[PDB]
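Asks: To start, I am sharing the structure in question, which I have written as structure tokens.
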Amino acid sequence: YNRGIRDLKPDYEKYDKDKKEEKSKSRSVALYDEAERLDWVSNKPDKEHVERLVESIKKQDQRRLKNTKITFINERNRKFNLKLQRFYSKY
Amino acid sequence: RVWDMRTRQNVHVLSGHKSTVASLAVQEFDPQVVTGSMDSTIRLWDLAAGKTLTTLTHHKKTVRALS
Amino acid sequence: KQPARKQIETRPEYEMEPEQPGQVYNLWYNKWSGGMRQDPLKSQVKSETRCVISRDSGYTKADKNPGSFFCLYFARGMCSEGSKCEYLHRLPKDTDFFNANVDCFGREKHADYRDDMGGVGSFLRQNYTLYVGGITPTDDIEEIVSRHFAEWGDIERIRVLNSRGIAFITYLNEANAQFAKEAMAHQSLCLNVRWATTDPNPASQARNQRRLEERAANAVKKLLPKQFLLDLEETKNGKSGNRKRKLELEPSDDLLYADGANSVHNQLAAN
Amino acid sequence: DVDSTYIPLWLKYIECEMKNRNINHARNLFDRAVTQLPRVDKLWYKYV
Amino acid sequence: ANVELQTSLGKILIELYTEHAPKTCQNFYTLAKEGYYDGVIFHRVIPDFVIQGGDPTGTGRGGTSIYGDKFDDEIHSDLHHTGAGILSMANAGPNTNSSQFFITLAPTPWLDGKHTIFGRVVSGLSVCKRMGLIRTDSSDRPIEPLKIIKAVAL
Amino acid sequence: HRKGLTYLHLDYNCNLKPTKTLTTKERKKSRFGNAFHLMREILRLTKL
Amino acid sequence: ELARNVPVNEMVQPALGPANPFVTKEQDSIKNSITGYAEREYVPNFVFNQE
Amino acid sequence: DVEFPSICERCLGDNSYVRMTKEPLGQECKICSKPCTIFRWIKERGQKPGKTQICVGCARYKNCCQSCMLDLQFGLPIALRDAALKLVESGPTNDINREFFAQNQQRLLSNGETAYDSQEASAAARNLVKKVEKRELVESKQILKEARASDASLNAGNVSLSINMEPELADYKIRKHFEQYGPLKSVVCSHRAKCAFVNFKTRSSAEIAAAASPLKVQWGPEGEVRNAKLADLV
Amino acid sequence: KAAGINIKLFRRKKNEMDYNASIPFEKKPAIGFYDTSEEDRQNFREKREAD
Amino acid sequence: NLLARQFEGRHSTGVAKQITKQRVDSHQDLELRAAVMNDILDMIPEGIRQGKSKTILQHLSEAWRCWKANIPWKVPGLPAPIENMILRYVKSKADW
Amino acid sequence: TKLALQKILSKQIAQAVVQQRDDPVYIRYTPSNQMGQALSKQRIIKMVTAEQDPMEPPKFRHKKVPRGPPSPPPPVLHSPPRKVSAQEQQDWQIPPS
Amino acid sequence: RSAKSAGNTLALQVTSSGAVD
Ligand SMILES: [Zn+2]
Ligand SMILES: [Zn+2]
Ligand SMILES: [Zn+2]
């Protein structure tokens with residue numbers, strides 16, 4: 001999670017406008033109050049945010065697939081012998 | 001499974017768990033049957049309807065003793 | 001306008017043993033078993049008989065009954081009881097709507113629609129077209145089948161494949177469609193009459209579905225409120241805002257076009 | 001239903017929902033996952 | 001005249017039309033003062049029509065005003081249901097108002113007859129807009145108990 | 001005959017004799033139990 | 001299964017509601033079955049037959 | 001208490017007083033494939049007795065009549081309702097999946113919520129009738145003479161036809177159009193080719209019908225549509 | 001199909017559910033606090049056209 | 001019974017089969033393997049990659065075979081709790 | 001509990017004696033405005049259980065259905081996981097056989 | 001407007017002053 005945070009780019013032109021605009025006409029309840037706020041249920045984002053979601057997910061998936069990748073008769077026997085070598089060679 | 005003593009019949013099949021029911025406990029007031037299994041989950045059944053009332057998932061490993 | 005006449009004087013009795021060496025009757029399943037499967041379609045004697053409305057239709061004892069059904073023996077053309085029979089010996093007409101459960105031919109309709117589509121269709125789908133297969137003599141197949149099919153009922157679409165003797169005549173009503181389907185099997189044009197399957201054409205599927213919506217609309221429009229029915233054409237044939245003010249004084253679709261007690265129209269009239 | 005405690009399956013499901021831009025679906029899925037396994041921080045961290 | 005309604009969904013704020021209809025608001029004011037409305041279900045919810053509630057039994061019948069059984073309504077021409085949020089009362093006859101009430105969600109120009117209008121919701125309208133989207137069985141009754149926790153008058 | 005065993009012949013004296021040489025499949029399918037055979041023999045005695 | 005015996009004059013039993021317009025004819029009637037109402041009745045054979 | 005099956009009064013007889021019997025577990029539901037009780041009665045003296053064919057779980061999840069399967073609100077076949085109106089998704093057609101859907105739907109539907117409300121049904125009916133009324137209202141030169149002369153010899157920007165006197169729309173529309181112009185024999189037509197050929201008992205009727213001329217015409221699969229594209233350039 | 005076809009259809013055996021008429025076991029996601037609403041009904045065209 | 005089976009079917013599913021002097025060994029082995037699986041699932045602490053049951057079962061089978069042939073069966077890399085549990089179950093099987 | 005168990009036991013035990021229980025039941029029925037029209041008059045029914053043939057075999061086959069989905073799993077509510085460290089991760093590592 | 005309750009009812013202000021449930 002904190003690696004992903006290290007790869008984040010917050011503070012666009014949206015957040016400051018949202019803080020400053022509807023706060024001026026705060027007749028009752030604050031825009032930041034969430035004890036009994038109701039509108040947070042219906043927050044539908046914009047296209048840019050969802051797009052960056054998809055690109056971040058795809059990049060992370062590609063990163064995972066990138067990092068993830070004669071005593072033997074077959075390739076499985078080879079993998080078994082390497083496992084055996086990993087466990088018993090000390091002994 | 002719930003058996004009638006006299007007729008040897010299987011009246012109820014308390015089937016809610018996912019693995020071996022390693023523990024058991026029966027009493028008179030509802031819930032009557034308390035069953036703990038290898039899912040680390042305890043279930044409280046009602047014998048009248050053969051259904052479960054509460055599920056107790058606080059345990060991490062199989063609960064082998066009920067008392 | 002004359003009483004119906006019996007077609008065959010005699011009764012078709014049952015005495016026949018296929019493949020004399022290798023067949024043996026089965027008491028439970030009443031047919032001959034053993035021997036070579038022989039065929040899936042080969043077996044198909046040709047209807048020895050055939051009926052037409054012109055010389056055969058007429059009055060019978062079942063005309064009195066309002067919900068009476070058509071003779072299983074008339075359509076294949078050997079109903080031997082004449083006017084004394086207990087089923088209709090005439091041709092179904094436009095206003096002959098039957099129950100969805102009972103086949104319009106008097107039989108019953110199941111749900112699985114089988115695999116050979118042989119005898120009677122399923123009730124979960126309504127197909128007005130039927131597969132008819134058989135001879136492919138020359139290019140005049142379209143006209144001969146038209147001649148042989150118009151006399152059975154109202155026809156909607158005739159599409160006959162030129163390469164092979166395959167046709168997909170579509171009828172207008174279920175009664176005439178199934179009457180002709182049952183009445184033309186093993187006849188001369190034997191004919192392999194079966195029920196058609198789903199048409200893979202997205203265009204034909206589209207037009208068939210639109211026809212289902214318009215049939216539904218014709219069925220339901222007698223049930224909608226009279227005010228909705230009159231708005232149907234006053235909107236297309238008149239102004240709107242002149243009467244929107246009368247609506248404004250006392251304006252939703254479901255609120256206005258709704259029947260039942262305590263409705264807005266009944267409340268307005270009660271005042 | 002076979003096994004709801006398999007966290008890799010939950011994470012895989014979330015990622016597969018987010019590939020096709022279904023956001024509110026994935027938020028409902030997270031609510032189910034976090035009310036089912038509140039003491040695993042991987043789901044909470046992905047959510048936040 | 002002002003009453004806060006701590007409903008289960010959120011906060012409803014109402015101002016009573018004492019100047020328009022005085023008799024029908026005094027009972028509500030003193031009824032919020034006594035506050036026997038605690039734990040009372042909103043037994044009726046019709047999408048875009050009403051949210052009725054206010055009976056102690058919760059069966060959609062009963063409820064005693066300060067007069068005890070029923071009182072006489074007062075209506076005048078300028079009162080109308082032109083909006084969504086007007087707080088009105090409930091009746092089952094010519095003059096048979098009981099302790100329950102409701103909140104409008106749509107213009108109902110046909111309902112401005114034998115029916116009295118005595119409130120306008122100044123805040124918490126969002127709460128009523130969501131009340132319009134509540135799980136409802138075959139009858140116009142929410143499945144889960146839509147109680148009101150408590151109500152102050154202010 | 002509701003078993004497809006139409007090649008077996010039950011003569012009027014209640015003897016089950018096949019009408020043709022049977023393959024292994026037919027022979028295993030046409031094997032009846034003690035109930036059927038016991039009842040057939042009781043019926044044969046009654047017919048006697 | 002009303003367990004309390006109670007006099008007549010409080011038997012009007014009013015719904016006490018705006019009597020929702022939105023309900024249609026298919027909802028005006030109370031029923032157990034989908035088609036309508038049906039409940040037990042002890043009719044002797046002869047009267048039912050002759051009528 | 002296993003009290004009644006739901007049947008509409010159209011097939012319950014015009015007598016307000018009918019008698020019926022039940023046979024428990026007498027048939028398998030033709031949809032649920034479930035053991036269900038049968039009910040037999042008489043609509044009216046003199047016809048074959050009716051009987052229920054589907055279980056109580058069905059005809060209720062479908063809001064239908066157990067005997068006639070006409071929908072209890074509109075009165076036309078439930079199949080046509082679910083095909084044209086399309087209120088709510090139906091089930092599959094294969095056996096195991098259909099029975100699985102029937103069982104689970106009956107379970108989740110007896111839990112208390114109703115799957116069929118008639119308000120949306122009437123709304124969809126009016127919507128369907130509205131869509132119906134809405135429904136109610138050098139490259140060309142080379143594909144013109146390419147084959148018309150070939151067939152004409154074999155067996156016989158704007159283009160204007162000729163009128164000769166040499167001696168979506170179904171076929172029944174043609175049938176009830178030419179009946180006043182002489183007896184009909186057969187009307188062979190094809191939508192793709194847009195060519196409808198008729199035959200009469202006498203050529204006199206054909207010639208008098210054809211004399212009415214001043215949309216109309218007067219005298220492989222794709223191979224017959226070459227002249228139908230002339231409609232685009234008619 | 002290259003020159004002229006009779007529209008060959010593949011053959012299914014007699015005892016399979018075919019996995020091609022509906023969902024093999026037909027289980028729907030549980031509905032939660034946040035309403036899906038448009039997320040699928042606004043884009044039924046997408047459910048067909050991405051396909 | 002014959003007619004019920006004829007008109008109904010086998011109803012093979014959901015029926016029990018008593019142990020009949022030929023399934024004794026193959027059922028005792030199943031019960032022992034299930035018990036060892038439970039013990040493995042328990043003594044291994046939380047988050048230690050529980051997918052290690054099959055290898056311990058193989059070790060148990062090899063230990064049993066070594067006991068039958070009178071061979072020491074010392075496994076160098078085996079943890080002490082696993083070794084103790086395997087010894088206990090092998091002794092139980094040997095006594096039976 | 002005794003009543004419920006007795007009921008289920010009698011139901012299970014009831015599944016050879018010829019059944020003889022025949023007596024009419026009458027039920028007052030009310031139709032309700034199906035397809036508009038003008039509703040219909042009230043009806044009552046005479047209801048008789050048709051008796052079964054004693055020789056009739058089982059009427060139809062029984063076909064197994066895969067078990068339906070269970071109730072959705074409850075929350076887990078475990079105590080917070082403890083730390084094990086790589087050393088103790090290694091001490092519980094088993095060699096191949 | 002014909003949406004019905006396509007989603008679960010929102011959390012409730014519980015009677016124990018708990019903000020969201
Ligand atoms: Zn006849
Ligand atoms: Zn009916
Ligand atoms: Zn059913």
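Naming works like this for the structure tokens: A, B, ... for the chains as they're shown, residue 1 at the start of each chain, ligands 1 onward in shown order.
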Pick out the chain C residues within 12 Å of chain L. Count only C-alpha atoms. Give them as a ChimeraX atom specification.
Replies: /C:252-255
Asks: Go ahead and dump the residues you just picked, N, CA, C and O atoms, as a compact mmCIF listing (two decimals), in the first residue's frame.
Replies:
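Writing the result to out_18.txt gives the following:
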# COMPACT_ATOMS: atom_id res chain seq x y z
N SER C 252 -48.38 12.98 -14.31
CA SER C 252 -47.45 11.88 -14.54
C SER C 252 -48.14 10.77 -15.32
O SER C 252 -49.37 10.63 -15.32
N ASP C 253 -47.32 9.96 -16.01
CA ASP C 253 -47.86 8.89 -16.84
C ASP C 253 -48.58 7.85 -16.00
O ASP C 253 -49.74 7.51 -16.27
N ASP C 254 -47.91 7.32 -14.97
CA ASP C 254 -48.50 6.27 -14.15
C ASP C 254 -49.62 6.80 -13.26
O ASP C 254 -50.55 6.06 -12.95
N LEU C 255 -49.53 8.06 -12.85
CA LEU C 255 -50.58 8.63 -12.00
C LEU C 255 -51.88 8.81 -12.77
O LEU C 255 -52.96 8.66 -12.20
Asks: Give me, as a PyMOL selection string, the contact residues of chain G against chain C at a cut-off of 8 Å, counting only C-alpha atoms.
Replies: chain G and resi 19-28
Asks: What separation in Å, quoted to one decimal, exists between CA of residue 173 in chain C and CA of residue 154 in chain C?
Replies: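 Taking CA of residue 173 in chain C and CA of residue 154 in chain C, their separation equals 7.4 Å.
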Asks: Would you mind listing, as a PyMOL selection string, all residues of chain I that have at least one atom within 7 Å of chain H, where only C-alpha atoms are what counts?
Replies: chain I and resi 17+21-22+24-25
Asks: If you keep N, CA and C atoms, can you produce a file of those selected residues as a PDB file, in the first residue's frame?
Replies:
ATOM      1  N   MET I  17     -26.241 -30.286 -20.219  1.00  0.00           N
ATOM      2  CA  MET I  17     -26.969 -29.034 -20.062  1.00  0.00           C
ATOM      3  C   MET I  17     -26.547 -27.989 -21.097  1.00  0.00           C
ATOM      4  N   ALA I  21     -27.124 -22.007 -22.978  1.00  0.00           N
ATOM      5  CA  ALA I  21     -28.476 -21.471 -22.975  1.00  0.00           C
ATOM      6  C   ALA I  21     -28.667 -20.415 -21.903  1.00  0.00           C
ATOM      7  N   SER I  22     -28.005 -20.584 -20.764  1.00  0.00           N
ATOM      8  CA  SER I  22     -28.053 -19.640 -19.659  1.00  0.00           C
ATOM      9  C   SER I  22     -26.794 -19.827 -18.823  1.00  0.00           C
ATOM     10  N   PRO I  24     -24.697 -21.487 -16.072  1.00  0.00           N
ATOM     11  CA  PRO I  24     -24.814 -22.888 -15.633  1.00  0.00           C
ATOM     12  C   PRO I  24     -25.429 -23.066 -14.255  1.00  0.00           C
ATOM     13  N   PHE I  25     -25.232 -22.133 -13.322  1.00  0.00           N
ATOM     14  CA  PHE I  25     -25.887 -22.242 -12.026  1.00  0.00           C
ATOM     15  C   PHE I  25     -26.630 -20.989 -11.587  1.00  0.00           C
TER      16      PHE I  25
END
Asks: Could you list, as a list in words, all protein and nucleic acid residues with an atom at most 8 Å from ligand 3, counting only C-alpha atoms and all ligand atoms?
Replies: residues 29, 30, 31, 32, 33, 34, 54, 55, 56, 57, 58, 59 and 102 of chain H
Asks: How would the residues just chosen look if you wrote them out with N, CA, C and O atoms as a tab-separated table (two decimals), in the first residue's frame?
Replies:
chain	number	residue	atom	x	y	z
H	29	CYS	N	-44.53	-31.29	-12.19
H	29	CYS	CA	-44.72	-29.96	-12.74
H	29	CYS	C	-44.06	-29.85	-14.11
H	29	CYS	O	-42.90	-30.23	-14.28
H	30	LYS	N	-44.81	-29.34	-15.09
H	30	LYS	CA	-44.28	-29.29	-16.44
H	30	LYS	C	-43.21	-28.23	-16.60
H	30	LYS	O	-42.65	-28.09	-17.69
H	31	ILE	N	-42.93	-27.49	-15.53
H	31	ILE	CA	-41.84	-26.53	-15.49
H	31	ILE	C	-40.87	-26.83	-14.35
H	31	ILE	O	-39.66	-26.94	-14.56
H	32	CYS	N	-41.39	-26.97	-13.13
H	32	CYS	CA	-40.55	-27.31	-11.99
H	32	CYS	C	-39.99	-28.72	-12.05
H	32	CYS	O	-38.97	-28.99	-11.40
H	33	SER	N	-40.63	-29.63	-12.80
H	33	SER	CA	-40.34	-31.06	-12.72
H	33	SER	C	-40.42	-31.54	-11.27
H	33	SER	O	-39.60	-32.32	-10.80
H	34	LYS	N	-41.44	-31.05	-10.56
H	34	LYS	CA	-41.63	-31.25	-9.13
H	34	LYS	C	-42.92	-32.01	-8.85
H	34	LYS	O	-43.90	-31.86	-9.58
H	54	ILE	N	-49.57	-27.11	-13.90
H	54	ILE	CA	-48.32	-26.61	-13.34
H	54	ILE	C	-48.50	-26.42	-11.85
H	54	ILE	O	-49.62	-26.23	-11.36
H	55	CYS	N	-47.39	-26.48	-11.11
H	55	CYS	CA	-47.43	-26.43	-9.66
H	55	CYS	C	-47.87	-25.05	-9.16
H	55	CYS	O	-48.14	-24.13	-9.94
H	56	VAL	N	-47.95	-24.92	-7.84
H	56	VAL	CA	-48.37	-23.64	-7.27
H	56	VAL	C	-47.22	-22.65	-7.27
H	56	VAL	O	-47.45	-21.43	-7.34
H	57	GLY	N	-45.99	-23.14	-7.19
H	57	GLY	CA	-44.84	-22.26	-7.29
H	57	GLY	C	-44.81	-21.53	-8.61
H	57	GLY	O	-44.61	-20.31	-8.66
H	58	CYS	N	-45.04	-22.25	-9.70
H	58	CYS	CA	-45.27	-21.63	-10.99
H	58	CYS	C	-46.71	-21.16	-11.08
H	58	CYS	O	-47.53	-21.39	-10.19
H	59	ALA	N	-47.01	-20.43	-12.16
H	59	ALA	CA	-48.28	-19.72	-12.34
H	59	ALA	C	-48.47	-18.64	-11.28
H	59	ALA	O	-49.44	-17.89	-11.32
H	102	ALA	N	-36.11	-22.87	-11.18
H	102	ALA	CA	-37.44	-22.96	-10.58
H	102	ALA	C	-37.35	-23.17	-9.07
H	102	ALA	O	-38.03	-22.48	-8.30
Asks: Select the residues contacting ligand 2 at a distance of at most 6 Å, based on only C-alpha atoms and all ligand atoms, then format the selection as a list in words.
Replies: residues 7, 8, 10, 11, 65, 67, 68, 69 and 70 of chain H
Asks: Counting only C-alpha atoms and all ligand atoms, what are the residues, protein, DNA or RNA alike, that approach ligand 1 to within 10 Å? I want them as a PyMOL selection string.
Replies: chain C and resi 4-7+60-62+69-75+77-90
Asks: Atoms to include: C-alpha atoms. Write the selected residues as an mmCIF file, in the first residue's frame.
Replies:
data_model
loop_
_atom_site.group_PDB
_atom_site.id
_atom_site.type_symbol
_atom_site.label_atom_id
_atom_site.label_comp_id
_atom_site.auth_asym_id
_atom_site.auth_seq_id
_atom_site.Cartn_x
_atom_site.Cartn_y
_atom_site.Cartn_z
ATOM 1 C CA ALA C 4 -70.245 -33.394 -43.568
ATOM 2 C CA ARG C 5 -69.651 -36.762 -45.240
ATOM 3 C CA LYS C 6 -67.404 -39.608 -44.102
ATOM 4 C CA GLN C 7 -64.307 -40.060 -46.255
ATOM 5 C CA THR C 60 -71.427 -32.217 -37.685
ATOM 6 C CA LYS C 61 -72.640 -32.896 -34.157
ATOM 7 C CA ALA C 62 -69.811 -30.880 -32.573
ATOM 8 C CA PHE C 69 -62.175 -29.135 -31.430
ATOM 9 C CA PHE C 70 -61.294 -30.350 -34.925
ATOM 10 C CA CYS C 71 -61.182 -34.011 -35.982
ATOM 11 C CA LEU C 72 -57.770 -35.649 -35.737
ATOM 12 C CA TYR C 73 -59.095 -37.892 -38.510
ATOM 13 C CA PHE C 74 -60.413 -35.144 -40.806
ATOM 14 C CA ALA C 75 -57.101 -33.403 -41.447
ATOM 15 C CA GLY C 77 -58.462 -37.399 -44.320
ATOM 16 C CA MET C 78 -60.049 -40.603 -43.017
ATOM 17 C CA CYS C 79 -62.663 -39.427 -40.490
ATOM 18 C CA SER C 80 -65.220 -42.205 -40.941
ATOM 19 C CA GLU C 81 -67.978 -40.892 -38.654
ATOM 20 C CA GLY C 82 -69.159 -38.114 -40.981
ATOM 21 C CA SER C 83 -71.613 -35.684 -39.435
ATOM 22 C CA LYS C 84 -72.021 -38.026 -36.449
ATOM 23 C CA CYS C 85 -68.473 -37.333 -35.252
ATOM 24 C CA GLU C 86 -67.787 -35.459 -32.020
ATOM 25 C CA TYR C 87 -65.269 -33.038 -33.580
ATOM 26 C CA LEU C 88 -65.452 -30.286 -36.189
ATOM 27 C CA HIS C 89 -65.262 -31.365 -39.837
ATOM 28 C CA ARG C 90 -64.565 -27.841 -41.137
#
Asks: Compare K:30, K:1, K:74, K:84 by their minimum atom-to-atom distance to residue 30 in chain B, counting only C-alpha atoms, and give me the closest one.
Replies: K:1
Asks: Show me which bits of chain J are within 9 Å of chain B, counting only C-alpha atoms, as a list in words.
Replies: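 That gives the following set of residues: residues 38, 41, 42 and 46 of chain J.
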Asks: May I have the residues within 9 Å of residue 33 in chain B as a list in words, using only C-alpha atoms and disregarding those fewer than 2 positions away in the same chain?
Replies: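 The contact residues come out as residues 24, 25, 26, 27, 28, 30, 31, 35, 43, 44, 45, 46 and 47 of chain B.
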Asks: For the selection you just gave me, I'd like the residues written to a file as an mmCIF file, in the first residue's frame, keeping N, CA and C atoms.
Replies:
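Printed below is result_4.cif as written:
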data_model
loop_
_atom_site.group_PDB
_atom_site.id
_atom_site.type_symbol
_atom_site.label_atom_id
_atom_site.label_comp_id
_atom_site.auth_asym_id
_atom_site.auth_seq_id
_atom_site.Cartn_x
_atom_site.Cartn_y
_atom_site.Cartn_z
ATOM 1 N N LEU B 24 -19.585 -31.386 20.144
ATOM 2 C CA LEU B 24 -21.031 -31.460 20.270
ATOM 3 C C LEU B 24 -21.435 -31.069 21.679
ATOM 4 N N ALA B 25 -22.686 -30.628 21.807
ATOM 5 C CA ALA B 25 -23.249 -30.333 23.118
ATOM 6 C C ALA B 25 -24.761 -30.194 23.029
ATOM 7 N N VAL B 26 -25.503 -30.852 23.916
ATOM 8 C CA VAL B 26 -26.960 -30.811 23.878
ATOM 9 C C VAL B 26 -27.528 -30.473 25.248
ATOM 10 N N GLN B 27 -28.573 -29.648 25.260
ATOM 11 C CA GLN B 27 -29.259 -29.258 26.484
ATOM 12 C C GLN B 27 -30.727 -29.035 26.139
ATOM 13 N N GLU B 28 -31.503 -28.673 27.152
ATOM 14 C CA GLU B 28 -32.956 -28.553 27.093
ATOM 15 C C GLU B 28 -33.468 -27.202 26.587
ATOM 16 N N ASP B 30 -33.561 -23.568 24.410
ATOM 17 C CA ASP B 30 -33.094 -23.215 23.074
ATOM 18 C C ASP B 30 -31.987 -22.168 23.157
ATOM 19 N N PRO B 31 -30.944 -22.283 22.321
ATOM 20 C CA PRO B 31 -30.691 -23.334 21.328
ATOM 21 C C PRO B 31 -30.260 -24.631 21.997
ATOM 22 N N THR B 35 -22.803 -27.170 17.941
ATOM 23 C CA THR B 35 -21.845 -27.977 17.191
ATOM 24 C C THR B 35 -20.643 -27.147 16.770
ATOM 25 N N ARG B 43 -21.749 -23.438 15.788
ATOM 26 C CA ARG B 43 -23.100 -23.137 15.354
ATOM 27 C C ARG B 43 -24.057 -23.495 16.477
ATOM 28 N N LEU B 44 -25.108 -22.691 16.624
ATOM 29 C CA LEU B 44 -26.169 -22.942 17.591
ATOM 30 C C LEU B 44 -27.439 -23.264 16.813
ATOM 31 N N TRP B 45 -27.921 -24.495 16.940
ATOM 32 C CA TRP B 45 -29.089 -24.969 16.217
ATOM 33 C C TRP B 45 -30.325 -24.934 17.105
ATOM 34 N N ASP B 46 -31.489 -24.930 16.465
ATOM 35 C CA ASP B 46 -32.757 -25.135 17.153
ATOM 36 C C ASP B 46 -33.360 -26.448 16.672
ATOM 37 N N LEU B 47 -33.674 -27.331 17.617
ATOM 38 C CA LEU B 47 -34.110 -28.673 17.260
ATOM 39 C C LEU B 47 -35.511 -28.687 16.668
#
Asks: Do a neighbour search on residue 84 in chain A at 12 Å with only C-alpha atoms, toss out local chain neighbours closer than 2 positions, and write the hits as a VMD selection string.
Replies: (chain A and resid 71 to 72 77 to 82 86 to 91) or (chain J and resid 77) or (chain K and resid 94 to 97)
Asks: Write a file of the just-selected residues containing N, CA and C atoms, as an mmCIF file, in the first residue's frame.
Replies:
data_model
loop_
_atom_site.group_PDB
_atom_site.id
_atom_site.type_symbol
_atom_site.label_atom_id
_atom_site.label_comp_id
_atom_site.auth_asym_id
_atom_site.auth_seq_id
_atom_site.Cartn_x
_atom_site.Cartn_y
_atom_site.Cartn_z
ATOM 1 N N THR A 71 21.066 -33.978 -13.906
ATOM 2 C CA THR A 71 20.560 -34.940 -12.936
ATOM 3 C C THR A 71 19.096 -35.306 -13.150
ATOM 4 N N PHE A 72 18.458 -34.802 -14.206
ATOM 5 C CA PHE A 72 17.014 -34.895 -14.359
ATOM 6 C C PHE A 72 16.629 -35.449 -15.724
ATOM 7 N N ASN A 77 10.993 -33.382 -13.026
ATOM 8 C CA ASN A 77 12.073 -33.969 -12.244
ATOM 9 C C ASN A 77 13.141 -32.926 -11.938
ATOM 10 N N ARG A 78 13.508 -32.117 -12.937
ATOM 11 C CA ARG A 78 14.403 -30.983 -12.716
ATOM 12 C C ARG A 78 13.927 -30.069 -11.591
ATOM 13 N N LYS A 79 12.668 -29.628 -11.646
ATOM 14 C CA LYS A 79 12.154 -28.754 -10.589
ATOM 15 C C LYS A 79 12.164 -29.446 -9.229
ATOM 16 N N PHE A 80 11.903 -30.751 -9.214
ATOM 17 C CA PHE A 80 11.952 -31.520 -7.976
ATOM 18 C C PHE A 80 13.375 -31.619 -7.435
ATOM 19 N N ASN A 81 14.339 -31.928 -8.298
ATOM 20 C CA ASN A 81 15.743 -31.942 -7.894
ATOM 21 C C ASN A 81 16.216 -30.589 -7.374
ATOM 22 N N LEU A 82 15.848 -29.488 -8.036
ATOM 23 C CA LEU A 82 16.163 -28.163 -7.484
ATOM 24 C C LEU A 82 15.517 -27.925 -6.120
ATOM 25 N N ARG A 86 17.530 -27.427 -2.657
ATOM 26 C CA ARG A 86 17.214 -26.338 -1.737
ATOM 27 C C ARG A 86 17.054 -26.821 -0.297
ATOM 28 N N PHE A 87 16.516 -28.027 -0.101
ATOM 29 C CA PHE A 87 16.260 -28.462 1.277
ATOM 30 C C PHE A 87 17.379 -29.283 1.922
ATOM 31 N N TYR A 88 18.003 -30.209 1.198
ATOM 32 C CA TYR A 88 18.922 -31.180 1.792
ATOM 33 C C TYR A 88 20.402 -30.864 1.618
ATOM 34 N N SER A 89 20.776 -30.024 0.650
ATOM 35 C CA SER A 89 22.194 -29.745 0.423
ATOM 36 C C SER A 89 22.903 -29.271 1.683
ATOM 37 N N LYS A 90 22.201 -28.573 2.576
ATOM 38 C CA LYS A 90 22.819 -28.191 3.840
ATOM 39 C C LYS A 90 23.225 -29.426 4.632
ATOM 40 N N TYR A 91 22.429 -30.487 4.547
ATOM 41 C CA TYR A 91 22.639 -31.692 5.338
ATOM 42 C C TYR A 91 23.372 -32.748 4.516
ATOM 43 N N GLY J 77 15.776 -32.745 8.053
ATOM 44 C CA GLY J 77 15.144 -31.443 8.012
ATOM 45 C C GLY J 77 13.757 -31.342 8.602
ATOM 46 N N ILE K 94 9.086 -27.953 5.853
ATOM 47 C CA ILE K 94 9.301 -29.396 5.803
ATOM 48 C C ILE K 94 10.000 -29.806 4.512
ATOM 49 N N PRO K 95 10.959 -30.722 4.577
ATOM 50 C CA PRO K 95 11.659 -31.161 3.372
ATOM 51 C C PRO K 95 10.790 -32.098 2.554
ATOM 52 N N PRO K 96 11.125 -32.345 1.291
ATOM 53 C CA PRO K 96 10.393 -33.351 0.520
ATOM 54 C C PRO K 96 10.785 -34.765 0.925
ATOM 55 N N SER K 97 9.861 -35.692 0.685
ATOM 56 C CA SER K 97 10.038 -37.079 1.090
ATOM 57 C C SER K 97 10.599 -37.884 -0.076
#
Asks: Fewer than 6 positions away in the same chain doesn't count, so skip those; otherwise give me all residues within 12 Å of residue 5 in chain A, counting only C-alpha atoms, as a ChimeraX atom specification.
Replies: /A:56 /D:45-46,48
Asks: Please produce a file of those selected residues containing N, CA and C atoms, as a short mmCIF file (atom, residue, chain, number, x, y, z; two decimals), in the first residue's frame.
Replies:
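Result went into selection-v6.cif, see below:
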data_model
loop_
_atom_site.label_atom_id
_atom_site.label_comp_id
_atom_site.auth_asym_id
_atom_site.auth_seq_id
_atom_site.Cartn_x
_atom_site.Cartn_y
_atom_site.Cartn_z
N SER A 56 -3.16 2.46 -13.91
CA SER A 56 -2.38 2.02 -12.75
C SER A 56 -2.52 0.52 -12.53
N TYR D 45 -6.62 -1.90 3.03
CA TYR D 45 -5.62 -1.06 2.37
C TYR D 45 -5.98 -0.84 0.91
N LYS D 46 -6.41 -1.89 0.21
CA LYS D 46 -6.82 -1.71 -1.18
C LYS D 46 -8.01 -0.76 -1.27
N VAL D 48 -8.94 1.70 0.86
CA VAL D 48 -8.63 3.09 1.13
C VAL D 48 -7.77 3.66 0.01
#
